>>> print(open('model.txt').read())   # compact mmCIF, C-alpha atoms
# COMPACT_ATOMS: atom_id res chain seq x y z
CA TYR A 1 109.72 108.36 103.33
CA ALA A 2 106.70 106.96 101.53
CA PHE A 3 107.93 105.17 98.44
CA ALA A 4 109.71 102.06 99.66
CA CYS A 5 109.42 102.19 103.43
CA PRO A 6 106.18 100.19 103.29
CA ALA A 7 105.89 98.34 100.00
CA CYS A 8 104.21 95.31 101.54
CA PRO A 9 103.06 95.83 105.13
CA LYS A 10 101.20 93.36 107.32
CA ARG A 11 97.91 95.06 106.54
CA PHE A 12 98.07 95.11 102.76
CA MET A 13 98.93 91.44 102.52
CA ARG A 14 95.38 90.98 103.75
CA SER A 15 93.77 92.74 100.81
CA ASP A 16 96.42 91.12 98.64
CA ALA A 17 95.67 87.54 99.63
CA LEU A 18 92.43 87.87 97.69
CA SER A 19 93.10 90.39 94.95
CA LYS A 20 95.64 88.60 92.80
CA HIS A 21 93.46 85.75 91.59
CA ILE A 22 89.91 86.33 92.77
CA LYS A 23 90.02 89.59 90.84
CA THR A 24 90.24 87.42 87.74
CA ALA A 25 91.02 83.80 86.94
CA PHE A 26 94.32 83.28 85.17
CA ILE A 27 97.98 84.26 85.09
CA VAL A 28 98.53 87.70 83.63
CA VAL A 29 97.18 90.37 85.94
CA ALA A 30 96.18 88.09 88.79
CA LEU A 31 99.37 87.20 90.63
CA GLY A 32 101.02 90.37 89.38
>>> encode(input="model.txt", output="structure tokens")
Amino acid sequence: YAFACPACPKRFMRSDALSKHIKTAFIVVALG
């Protein structure tokens, strides 16, 4: 399927290790 199989691959974590804080500067929509 395509709605849980992935979720958090080893490729996304890359664009995720700089899009949960650098995309802002706080704790509300940064981390998650």
>>> atom_distance(input="model.txt", atom1="atom CA of residue A:20", atom2="atom CA of residue A:8")
14.0 Å
>>> atom_distance(input="model.txt", atom1="atom CA of residue A:27", atom2="atom CA of residue A:7")
22.0 Å
>>> atom_distance(input="model.txt", atom1="atom CA of residue A:3", atom2="atom CA of residue A:22")
26.7 Å
>>> axis_aligned_box(input="model.txt", around="stretch 2-21 of chain A", padding_each_side="3 Å", output="lines of an AutoDock Vina configuration file")
center_x = 101.1
center_y = 96.4
center_z = 99.5
size_x = 23.3
size_y = 27.2
size_z = 21.7
>>> residues_around(input="model.txt", residues="residue A:32", least_positions_apart="2", cutoff="10 Å", atoms="only C-alpha atoms", output="list in words")
residues 19, 20, 21, 27, 28, 29 and 30 of chain A
>>> residues_around(input="model.txt", residues="residue A:18", least_positions_apart="6", cutoff="12 Å", atoms="all atoms listed in the file", output="list in words")
residues 12, 24, 25, 30 and 31 of chain A
